[PDB]
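Single-structure report; data block below.
2 protein chains.
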Amino acid sequence: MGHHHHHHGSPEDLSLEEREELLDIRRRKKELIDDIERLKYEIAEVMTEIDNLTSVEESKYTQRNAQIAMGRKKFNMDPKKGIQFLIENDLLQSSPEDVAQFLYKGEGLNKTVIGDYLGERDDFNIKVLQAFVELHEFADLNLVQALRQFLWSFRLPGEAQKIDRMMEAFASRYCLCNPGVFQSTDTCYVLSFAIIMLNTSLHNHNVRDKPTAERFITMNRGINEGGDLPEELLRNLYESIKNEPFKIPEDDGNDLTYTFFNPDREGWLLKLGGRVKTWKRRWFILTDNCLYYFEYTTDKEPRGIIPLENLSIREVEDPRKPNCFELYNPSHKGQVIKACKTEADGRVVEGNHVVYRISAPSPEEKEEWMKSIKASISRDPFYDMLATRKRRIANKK
Amino acid sequence: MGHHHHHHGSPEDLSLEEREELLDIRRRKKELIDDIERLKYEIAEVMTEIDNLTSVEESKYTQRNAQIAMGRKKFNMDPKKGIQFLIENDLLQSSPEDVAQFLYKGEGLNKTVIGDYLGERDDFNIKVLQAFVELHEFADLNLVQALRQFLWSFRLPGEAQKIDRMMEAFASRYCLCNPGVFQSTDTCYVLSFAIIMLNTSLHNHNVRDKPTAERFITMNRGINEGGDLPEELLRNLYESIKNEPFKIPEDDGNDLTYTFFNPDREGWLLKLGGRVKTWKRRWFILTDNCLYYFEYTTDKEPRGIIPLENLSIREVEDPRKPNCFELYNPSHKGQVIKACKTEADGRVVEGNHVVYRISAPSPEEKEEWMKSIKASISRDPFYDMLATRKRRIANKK
Ligand SMILES: O=P(O)(O)O[C@H]1[C@H](O)[C@@H](OP(=O)(O)O)[C@H](OP(=O)(O)O)[C@@H](OP(=O)(O)O)[C@H]1O
Ligand SMILES: O=P(O)(O)O[C@H]1[C@H](O)[C@@H](OP(=O)(O)O)[C@H](OP(=O)(O)O)[C@@H](OP(=O)(O)O)[C@H]1O
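Next up, the structure:
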C-alpha cells in the first residue's frame, strides 16, 4: 500500500552483515573466555594435587571418599548408626542442620530410609525434619510445584503416624513461604492429600472415575476453614497434575501417590443371607471401613453393619447370581464373622455369617466394589489419620 | 587414636612435573586472553566500519566512573581483589593507611566484606586494621557511645579469632583515647562484651528474663583489674543500651550484637551420692565448663565442684527417680571422676563417683540440662577466649 514506515515483510527486520560478523566475533570471544575458565579450573586442580593432603601413596579412591562411601552404606542399613558413624569420624557435623543438608543432598542414600528416619518421633529427628523442609524453597511455587520438589527428596514411610509428621512439616513450611494463601496449615495439609488422591485418580488405570477440573473444584468445597479456595487456584493445581504425574524416586510402582484410592462407595448389591441363604437387594454404603446395608434408600437405620477389619475378598462362581464375591476371615475358618443386624421385630442382634456372599449388578460394579473394599481395608490407619485431621479442618459454626 | 586438626609439616613439594604443567596451562590461558583481545579489536574495527561519523555521537561515556564502579563491584565479591584493582587503576594508594581510609569511607562497600578483610591475620591487614581504628575518634565518649560508632563502620565477622583481633584493636584505641577510665585493655574488652551481651538480653525476645540496672552493675563486679567500676558509669551504659539498641548497618536480624547469648545455668536438682547412695536436693550452677553444686542458693562455698573436661552425659533409667541423666568418663570406663567436695567436718576431699546421676523435676528440665551440659563440653572458642581474659584481669601481679 502507498504509505510510509511499513516493512510488510517477515516477522524480523533487515540485518546488516557487519553486525552479524560482530555478533559472531562476540560469541567466539565468549567461547575463548569459557576455555580460559576451564584452563584455570584445571590449574587449580593441579595445584591441589601438588599440595600435601594426608593419605597414603597408593590409593584407588581417596580417604575422604572411601570413608564417606562406607558411611552412606551404613546409613542405608541403619540411619541412626550411619549418622553416628559420620559424626564420630568427622565426615559430618553434629547439628540437625548439617544432618539435614546431608539427607537433602542424599548422595548414595536410599530415599525410603531417608523417609523412615525423618518420620521418627525422636527430638533430634524432629529437628532434622524441620531443617530438611527448610532446605526446600517453597516461596512463589504453587502447592503442586512444592509437592513435586518435596516428594523427590525422600519416599513416604508406611506408618500413618510418620506420614503425618512429614506432611505436617511440609504444610507448615509451605504456608510460611506463602502466607495468606491458605487459612490454616490444616487446609494446606488436607488439600495436599486431595492432590495426591487426584494423582492416583488421573494416572492409575485401576481408577475409572477420572474427575474433571469442575469436579475437583466441587470436591474441595469448604476446605479453607469453611470457606472456598479460589477456582483459578484449584484449576492450576488440577491441570498441573493432569499434565504431569508426580515423579517418584526409586519408584517401585507401589507408592502412595500412585495407589491412594477412594475407600468409599455406595450402591445396590444383592447379598446372600447368613443361616438362611436367601438373596436380598440392599442399598450399601462403604464408609469408616464398614459396609452398612439398608432395605430402602430412605431408611434412617441400617439393616446391618459389617466391619471390614481382618476380612479379605475371594471371587466365587454362584449357581444363580452373577458377579459374586465373598467376604471372609482367613484367620478364623468356619467361625461366625463379627457383625450386627436388625431382626423383623427391631431387635439388634449378632450376625450368623461365616461368609458374606455378595452379587454385583455388572462385572464393572463388582470390580469397583472389590477395589473400594480392598483399599479401605489395606490403608485404614492412614484413612483414619486423614479423617481425624479433616474433622479439625471442619469448623463449628 | 585421634589425630590433630591442624597438622605440622616439613617443607617438601615434589610436584615439579605438575608445576611445569600448571605453568604451561597459564601460558595457554595468556594466549587465549591475547586472542580475545584481538577479537575485541576486530569487533571495534567492524563497529567503526558500520558507523558513519556525520558528527560524533553524544552519549556520555565515563571511563573513570566506570573504573570506580568496577573497583567497588570487585571489592564486594573479593576485598583483596577489589583493592588490587583500584591500586592498579590509580584510584587508591597502596599503603595500609590509604587502604584504611578507603574502607573507613566505605562508599558503596559491603560492611560485612569490610569486616572480613579487617579481621584477617595477614601482616598488611593487621596494619590496615590499626589504621582503621585510628580513624575513629573515641575521646570524650563513653564505652557504649564508642561502640555505637565503631559498629557502624563494619559488620563483625563470624570467626572468634577475627572478632578478637578487631575488639582488641578497638579496646586498645578506646583506652588510648580515654586514659584512666579502665585499668587495662582487658577490662575494656570484657566490658565491651558485657555491653554486647546486654544488648542481646534486653532486645532479643528469645531472652525471657531482662536484666535490671542493678543486675548489670553487680554482674560486672571485679572487672576493673579486681576492683569495681563506678556505679554511675555502669548505670549510664545500661540506660543507653536499654533506650536504644545498637544500630547495625545492613542489619539482617542475625548480627552478633543481637545474638550474643549467655549459656550459663542454675537450678535445683536431685543428685545421687557416691559411696553412700543417698539422694540430695542441691543448687547447681554451670559455668566455664564446670558444674558446681551448693546446699543453698546464697552459699559462696560449694558442696562440690565437677570439672566437665573429658566427661560425657547420657540419659539413664533409674528404678525410683524420674528424668535422670548421668555424667561419666567415656574414655576411662569405670574410672572415678576427678572432683572435689566438702565433708561434714569441713574438710575438702576428692569425690568418689564413677558416675554423677542427677534427677530433674520434669522431662523438659532433664532435656534442658542435658543440652546445656553437652554444649558446655563441646565448648565455644569465643566464650573460652573471654573466660581467659577474665582470669587475667587481676589485682596484683
Ligand atoms: O428374609 P429371609 O428370607 O427370612 O432371610 C433373611 C435375610 O436374608 C437376612 O438379610 P437382611 O438382614 O439383609 O434382610 C439375613 O440376615 P443378614 O443381614 O444377617 O444376612 C437372614 O440371615 P439369618 O438371620 O442368619 O438367617 C435371613 O434369615
Ligand atoms: O548426706 P549423706 O546421706 O550422708 O550422704 C552423702 C551425700 O549423698 C553427699 O552429697 P552432698 O555432698 O551433695 O551432700 C555425697 O557426696 P557427693 O557430693 O560427693 O555426692 C556423699 O558421698 P560419699 O562421700 O561418696 O559417700 C554421701 O555420703
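Just so you know, the sequences run in chain order V and H. Using our numbering, you'd call the opening residue of the first sequence number 1 and step up by one each time. Using our numbering, you'd call the opening residue of the second sequence number 1 and step up by one each time. Think of the CB as a built atom: it goes at the ideal place given N, C-alpha and C, for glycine as much as any other residue.
- Excluding the 5 residues flanking it on each side, residue 240 of chain H has same chain C-beta neighbours closer than 8 Å at 142, 144 and 145, in chain order.
- Remark: the C-beta of residue 273 of chain H is in contact range of ligand 2, defined as less than 6 Å to any heavy atom.
- For residue 280 of chain H, there is no enclosing alpha helix (DSSP H); the enclosing beta strand (DSSP E) covers residues 279-287.
- Within the stretch 177-210 of chain V, complete alpha helix (DSSP H) segments of at least 4 residues are found at 185-203, given in chain order.
- Residue pairing by DSSP puts residue 313 of chain H in a beta bridge opposite H/327.
- Residue 293 of chain H has H/284 and H/304 as its beta-bridge partners, per DSSP.
- Boundaries around residue 271 of chain V are those of the beta strand (DSSP E), 265-272, since no alpha helix (DSSP H) includes it.
- Chain-order list of chain H residues neighbouring residue 22 of chain V: 43, 46 and 47, by C-beta distance under 7 Å.
- Put simply, the CB of residue 27 of chain H is far from chain V, with every gap to its CB atoms at 7 Å or more.
- Only exposed fits residue 319 of chain V, as fewer than 16 other CB atoms lie within 10 angstroms of its CB.
- Remark: the shortest separation between the CB of residue 346 of chain V and any heavy atom of ligand 1 does not fall under 6 Å.
- Taking 8 Å as the Cβ-Cβ cut-off, the stretch 109-126 of chain V approaches chain H at 123, given in chain order.
- By a beta-carbon distance limit of 8 Å, residue 353 of chain H contacts residue 274 of chain H. Their separation comes to about 5 Å.
- Each residue's CA atom was taken as its position, placing residue 367 of chain V and residue 197 of chain V some 19 Å apart.
- Annotated as proximal: residue 118 of chain H and residue 129 of chain H, with beta-carbon spacing under 7 Å.
- Interface residue (Cβ-Cβ distance to chain V less than 7 Å): residue 362 of chain H is not classified as such.
- For residue 40 of chain V, the C-beta contacts it makes with chain H under 7 Å involve 29, in order along the chain.
- A residue is called buried once 16 or more other Cβ atoms fall within 10 Å of its Cβ, and residue 61 of chain H, having fewer, is exposed.
- According to the DSSP secondary-structure assignment, residue 38 of chain V is paired through a beta bridge with no residue.
- Distance between residue 293 of chain V and residue 348 of chain V, taken at the CA atoms: about 14 Å.
- In this structure, residue 320 of chain V has its CB at a distance of at least 6 Å from all heavy atoms of ligand 1.
- Taking the C-beta atoms as reference points, residue 286 of chain V is found nearer than 7 Å to residue 264 of chain V.
- Taking the Cα of residue 109 of chain V as reference, the smallest distance to any Cα among V/155, V/49 and V/259 is reached at V/155.
- Of the other Cβ atoms in all chains shown, fewer than 16 fall within 10 Å of the Cβ of residue 394 of chain H; this residue is therefore exposed.
- One thing to note: residue 380 of chain V has its Cβ no nearer than 7 Å to the Cβ of residue 236 of chain V.
- For residue 69 of chain V and residue 91 of chain V, the gap between their C-alpha atoms comes out near 10 Å.
- Interface criterion not met: the Cβ of residue 306 of chain H is under 7 Å from no Cβ in chain V.
- Contact annotation for residue 253 of chain H against chain V: no contact, minimum CB-CB distance about 16 Å [criterion: below 8 Å].
- According to the DSSP assignment, residue 349 of chain H belongs to the beta strand (DSSP E) that extends over 348-350.
- Distances taken from the Cβ of residue 276 of chain V to the heavy atoms of ligand 1 include one shorter than 6 Å.
- Secondary structure note for residue 113 of chain H: its alpha helix (DSSP H) is the uninterrupted segment 111-119.
- Close to residue 32 of chain V, with beta-carbon spacing below 9 Å, are these residues of chain H in chain order: 32, 33, 35, 36 and 39.
- Within chain V, the residues whose beta carbon sits less than 7 Å from that of residue 18 of chain H are 46, 49 and 50, listed in sequence order.
- Around residue 189 of chain H, the same chain offers 167, 168, 171 and 389 as residues with beta carbons nearer than 7 Å, after the five sequence neighbours per side are excluded.
- Within 6 Å of the C-beta of residue 304 of chain V there is at least one heavy atom belonging to ligand 1.
- In this structure, residue 291 of chain V lies near residue 306 of chain V, with their beta-carbon atoms less than 7 Å apart.
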